[PDB]
Structures are given as structure tokens and as C-alpha cells.
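# Structural features, examined
Chain residues, written in single-letter form:
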There are 2 protein chains.
Amino acid sequence: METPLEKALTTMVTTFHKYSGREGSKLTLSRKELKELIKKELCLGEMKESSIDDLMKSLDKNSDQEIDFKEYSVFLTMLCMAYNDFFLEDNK
Amino acid sequence: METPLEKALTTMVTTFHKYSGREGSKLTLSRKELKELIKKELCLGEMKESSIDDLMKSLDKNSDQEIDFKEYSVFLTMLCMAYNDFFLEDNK
Ligand SMILES: [Ca+2]
Ligand SMILES: [Ca+2]
Ligand SMILES: [Ca+2]
Ligand SMILES: [Ca+2]
């Protein structure tokens with residue numbers, strides 16, 4: 001038995017490991033694998049090419065242009081804060 | 001239109017603001033709000049009291065004994081790496 005939150009974490013592992021196998025290492029999202037993933041995973045219109053390549057420059061820790069899981073946790077942090085800050089303007 | 005990952009992050013924001021609202025300040029998980037949240041989010045059974053008291057003490061960068069949102073992303077990081085390391089014994 002496993003929660004809808006363990007299934008949420010599993011989905012984050014799913015789109016990560018699945019798209020992380022598009023290129024580079026199978027544990028990294030290259031700047032192409034990440035651009036591929038964001039362009040499917042975040043549907044909200046402004047996921048445009050310079051929005052993603054400047055985001056990428058801030059998600060990455062070293063400019064290797066391969067996103068390791070601890071680089072990728074920066075993405076997950078900002079997105080989980082942004083949906084909270086949305087909820088603070090909607091449920092009020 | 002918003003993805004199953006945005007709905008996974010929404011689930012995380014929903015459990016978060018609910019338990020992060022349940023003691024101390026409302027954007028922050030106290031040693032009790034966290035011990036609640038973990039034992040609600042993780043069905044594992046090794047989410048035991050001293051495992052959680054070390055985990056809390058290991059999450060709490062600042063020793064204030066609430067978990068701010070940027071403390072809480074460290075929990076989500078360890079879990080997204082642990083379910084990947086699970087997935088690496090199956091989808092090898
Ligand atoms: Ca890759
Ligand atoms: Ca990198
Ligand atoms: Ca609190
Ligand atoms: Ca703290």
C-alpha cells in the first residue's frame with residue numbers, strides 16, 4: 001500500500017527517468033531532454049524557447065548542459081512553491 | 001489544461017498547506033506538522049518516531065524546528081531520489 005503522494009513522487013520519477021533516457025546519460029536530462037520534457041510537462045503557453053533555455057541555465061549547477069537529479073530538484077522546488085503561491089491567491 | 005505532474009505538484013501543495021497550516025506558522029511544518037505529514041504521505045512502516053526525529057533534524061537546516069518550503073524541498077528531493085533508486089532495480 002502506497003499513497004497518492006508516493007504515486008505523485010513515482011510520476012516525478014516516471015517523467016524524469018523516461019525523458020532522461022532520450023539522450024546523454026539515462027540519469028540526466030540534457031538541455032534537449034529537459035526542453036523536450038518541459039514542453040510536455042508544463043502546458044501553460046509561456047514555455048517558450050528562451051523561457052526554457054534561461055530556466056535551464058538556472059536549473060543546472062555547472063553549465064554541463066546535463067541535468068542530474070539534484071539539479072532537477074531545483075525545478076521541482078520552484079514548481080511546488082509556484083502552485084502554493086497560486087493557491088494563496090485562489091482559495092482566499 | 002494542466003498535466004498529471006502539475007496535479008501531482010497540486011497534491012503536494014494540498015497535503016503541504018493542510019499540514020503546514022496545522023501548527024506554529026502556516027507555511028512551515030513544525031516537528032509535529034511534519035511527523036503528521038510524513039506518517040500521512042509515506043505508507044512504508046519504517047516512518048517511525050526516531051527515524052522521523054532524525055529526518056526532521058536532517059531536513060531542518062536552521063534548527064528552528066519548523067520546515068519552511070525550501071527546507072521541505074529537501075524531503076521531496078530524498079524521496080524522488082529514493083523512488084528512482086527503487087525504479088533502477090526494475091526498469092534497470
Ligand atoms: Ca539523458
Ligand atoms: Ca548539470
Ligand atoms: Ca506550521
Ligand atoms: Ca527549519
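Here is what the cut-offs are and how they apply
- Residues numbered from 1 in each chain as written, not as in the entry; some residues may be left out.
- Chains lettered and ligands numbered in written order.
- Heavy atoms only, no water.
- UniProt positions renumbered as here; feature names shortened; annotations may be inferred.
- Helix = DSSP H or I, 4+ residues; strand = E, 2+ residues; numbered from the N terminus.
- Expected span 1.5 Å × (residues − 1).
- Buried < 20%, exposed > 50% of the residue type's maximum accessible area, 1.4 Å probe, protein only.
- Polar contact = N/O pair within 3.5 Å; in protein donor to acceptor, adjacent residues only side chain to side chain.
- Contact = heavy atoms within 4.5 Å.

Per the deposited record, solution NMR is how this structure was determined.

As annotated in the PDB entry, chain A carries the name Protein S100-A5 and comes from Homo sapiens. We quote the UniProt Function comment for chain A here in full: "Binds calcium, zinc and copper. One subunit can simultaneously bind 2 calcium ions or 2 copper ions plus 1 zinc ion. Calcium and copper ions compete for the same binding sites." According to the UniProt record, the Subunit comment for chain A reads "Homodimer."

Below, the discussion takes up helix 1 (residues 4-20) of chain A. Residues and elements named next belong to chain A. A rise of 1.5 Å per residue sets the reference length of helix 1, with its 17 residues, at 24 Å; its end C-alpha atoms lie 23 Å apart and thus fit the reference within 8%. Within helix 1, burial applies to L5, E6, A8, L9, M12, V13, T15, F16, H17, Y19 and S20. For helix 1, the capping residue at the N-terminal end is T3, with a side-chain oxygen 3.1 Å from the backbone nitrogen of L5.

Moving on, we get to the environment of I67 of chain B. Residue and element names in this part refer to chain B. When you line up the elements, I67 lands in strand 2 (residues 66-67). Residue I67 is classed as buried on the basis of its relative accessible area of 0%. C-alpha of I67 to C-alpha of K7: the two residues are 60 residues apart in sequence and 23 Å apart in space. In this structure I67 touches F16, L27, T28, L29, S30, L34, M56, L59, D60 and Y72, once residues within four positions along its chain are discounted.

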